[PDB]
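Just one chain follows, in the form deposited in one PDB entry, and it is written as structure tokens.
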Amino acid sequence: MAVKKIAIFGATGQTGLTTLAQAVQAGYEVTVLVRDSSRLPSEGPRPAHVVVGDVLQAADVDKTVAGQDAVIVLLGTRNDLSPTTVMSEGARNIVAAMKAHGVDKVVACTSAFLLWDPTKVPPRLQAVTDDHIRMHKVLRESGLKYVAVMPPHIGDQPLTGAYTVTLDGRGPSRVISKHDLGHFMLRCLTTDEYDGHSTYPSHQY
């Protein structure tokens, strides 16, 4: 049976917005959890269901995950680089809600730093990366079908659908367009080939 209903977390972020637009255009019935609905666009494709609330509130997460076939996680801290547990605590709530509701597929974005040499993280990004590592642990220990998406720098290049996906953080480049990253997260909904793996999408634009 194919995935039809999905929840997206972080849909108002850079990658989230284009993942959401692509998912709706592709035919998915999409639910989003957003703190502030004014951050969703009026033009273009629109989510089927909008839950207003916070990924740190279990009940809000629960309402969002109920009834879904799969979950996409594109949480982040925007330009905030201070020490943080928002992503990992959010993922804890998502896992609990998935288990409560029988949902078994999650595709979640962290970063290529979790594949590269772990002493090459730029200092200003260490705190966020530490929480990406906590989030990754939460998801891989959940006992759910988890695709870990670990992108390099996220750019603004056009959608191509022509990027390369490796399993080790080596690839044709150190950039992926936000649109291609979103396309890849949706690709992960229709294959099991990356379940239980870490993936590195990249492309030369």
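Residues that one form lacks are left out of the comparison. Whichever C-alpha set is largest while still superposing within 1.5 Å between the two forms counts as the rigid core. In this text, residue numbers run from 1 along the sequence as written.
- 191 to 199 and 21 to 29 differ in mean CA B-factor, and the higher of the two is recorded for 191 to 199.
- As listed in the deposited structure, the average C-alpha B-factor of 81 to 89 and of 107 to 115 is greater for 81 to 89.
- Among all modelled residues in its chain, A162 ranks in the middle third by Cα B-factor.
- Sort the chain's modelled residues by C-alpha temperature factor and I72 lands in the lowest third, per the entry.
- Sort the chain's modelled residues by C-alpha temperature factor and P172 lands in the highest third, per the entry.
- In the PDB entry, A96 places in the middle third of its chain by CA B-factor.
- Annotation for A59: CA B-factor lies in the highest third of the chain's modelled residues.
One more form of this protein, deposited in another entry, exists but is not displayed; see below.
- Following superposition on the rigid core between this form and the one not shown, the residue from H153, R39, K145, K137 with a C-alpha displacement of 2 angstroms or more is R39, and no other.
- Relative to the superposed core, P172 undergoes a Cα shift of 2 Å or more between this form and the one not shown.
- In comparison with the shown form, the Cα-Cα distance of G44 and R35 decreases by at least 3 angstroms in the other entry.
- Distance between the C-alpha atoms of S37 and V51: longer by at least 3 Å in the other entry than in the displayed form.
- Core aligned; runs of 3 or more residues with all CA shifts at 2 Å or more between this form and the one not shown: 36 to 39, 41 to 45, 168 to 172, in sequence order.
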